[PDB]
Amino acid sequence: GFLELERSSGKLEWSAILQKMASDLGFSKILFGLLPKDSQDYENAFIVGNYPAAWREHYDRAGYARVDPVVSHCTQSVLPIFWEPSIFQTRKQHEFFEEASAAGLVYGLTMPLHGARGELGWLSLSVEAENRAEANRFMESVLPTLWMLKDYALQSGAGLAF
């Protein structure tokens, strides 16, 4: 239930529970990330999930936090952003998404996380599909469940992390 998330008593158990939940929902790769209030110390964010390690290292080395339109969206909004080609507008954002696809991150969405004590983060989930139409159909079918999941993960994850 969303219950065993709150009940988990360790980051490793918690991570495993959240991973299984996303997998069970039909998502492929996830990244849950959380920082405390007024922080850009991305290098020490609480990070859970199975995003490819090579992508995570590439992202940090290339300074993509400053390029990725998902990150700037999350600083402005509580609403989800789907990884639509139309959000990768500048040349640097276009190249970023090309690189993302080499790492297998082609279809997906991110839920911004904004916590009660100012925590800031994201829950990103990738979908494996034959085409974007199929991927968007799947994500829309599970979005109401995901919308609750992201706040349960935010609340319980922030308690374990900070």
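Just count from 1 along the sequence shown to find any residue number.
Student: Mean C-alpha B-factor higher for 40 to 48, or for 114 to 122?
Tutor: The recorded data point to 40 to 48.
Student: Comparing 105 to 113 with 30 to 38, which has the greater mean CA B-factor as deposited?
Tutor: Result of the comparison: 30 to 38.
Student: For the listed 100, 62, 70, 53, which has the peak Cα B-factor recorded in the PDB entry?
Tutor: Of 100, 62, 70, 53, 62 has the highest C-alpha B-factor.
Student: How does the C-alpha B factor of residue 8 compare with the rest of the chain: lowest, middle or highest third?
Tutor: Ranked within chain, residue 8 CA B lands in the highest tercile.
Student: Sorting the chain's CA B-factors, does residue 22 end up in the lowest, middle or highest third?
Tutor: For residue 22, whose C-alpha B-factor we compare with every modelled residue in the chain, the answer is the middle third.
Student: Rank-wise, by C-alpha B-factor, drop residue 94 into the lowest, middle or highest third of its chain.
Tutor: Lowest third - that is where residue 94 ends up once the chain's C-alpha B-factors are sorted.
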